[PDB]
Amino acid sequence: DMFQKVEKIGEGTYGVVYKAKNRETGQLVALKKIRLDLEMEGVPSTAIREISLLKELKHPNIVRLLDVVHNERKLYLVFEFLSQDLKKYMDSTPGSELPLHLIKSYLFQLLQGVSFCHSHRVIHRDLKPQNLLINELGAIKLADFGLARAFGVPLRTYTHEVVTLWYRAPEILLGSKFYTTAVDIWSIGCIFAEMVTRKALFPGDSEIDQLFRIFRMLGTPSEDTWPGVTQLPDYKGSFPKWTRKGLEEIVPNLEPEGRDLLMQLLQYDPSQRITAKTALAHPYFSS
């Protein structure tokens, strides 16, 4: 409307994201557009959730919603604009453009954002490099809360098979009734490793391929490593019994204390998985 729709950035969990500029201000904005004429059920659940969450979820490392505009059979979420996302940055640059100190500062910020969310009783349920926006000053922000949920304490059973397959936690793959904020911590471990290796840690083709890639590297889980794992809906004794590969060989350039963090982020048992708050206190971030 009052915007020069510079271009289409891409597509979110819902709607289409455009880059644009304000005529009055000249300021750069992102526009997530919904076509209300193509929506049999009105404003989508995903959009109602994202707007309602981001109205009350404000933090340096979370993308800002600036306005919500209803004009015609169209609904526009107006966001602060950021120039790069982590996926496209990593597809356009050498490893040298992602040094060990920038991975450390990126991961610290991601944990502060996620920790803020968990303390506000929100789970993202879709943390992946495409949803991580980076500015030119060295800030990283979480975006796309269309797949997020405010949770209760205690929590109920929510939608299954959430999170993009590659970044999906094994308790979701084994069809566990209850998942918690730990699913967000798995994704972060996957992203951490991906930043260091320049490629996805678990690039699976199916739920079972995904689950086998994980077992190959971390080992096949047992009642001893993960109590109750056998009682999980999609667990099978038929599973191969691989053993832990050394992380020193996956991520050799990573310092000792950082390889300890990655191991704790990628624990099978969601009860033994480090939290964002505990992770921020990790020695990795104190040199």
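Sequential numbering from 1, following the sequence displayed.
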- request: Report the stretch with the higher mean CA temperature factor, choosing between 24-32 and 257-265 on the basis of the entry.
  value: 24-32
query: 41-49 versus 63-71: which one carries the higher mean Cα B factor per the record?
result: 63-71
- prompt: Considering only 97, 80, 207, 184, which residue's Cα atom bears the greatest B-factor as recorded?
  reply: 97
- prompt: Based on what the PDB entry reports, which of 120, 101, 198, 168 has the top C-alpha B-factor?
  reply: 198
- prompt: Hey, what third does residue 149 fall into on Cα B-factor, ranked over its chain?
  reply: lowest
- prompt: Hey, what third does residue 271 fall into on Cα B-factor, ranked over its chain?
  reply: middle
statement: Here the Cα B-factor of residue 176, set against its chain, lands in the third termed middle
field: residue 229 - which third its CA temperature factor falls in, relative to the rest of the chain
entry: middle
- prompt: When the modelled residues of the chain are sorted by Cα temperature factor, does residue 116 land in the lowest, middle or highest third?
  reply: lowest
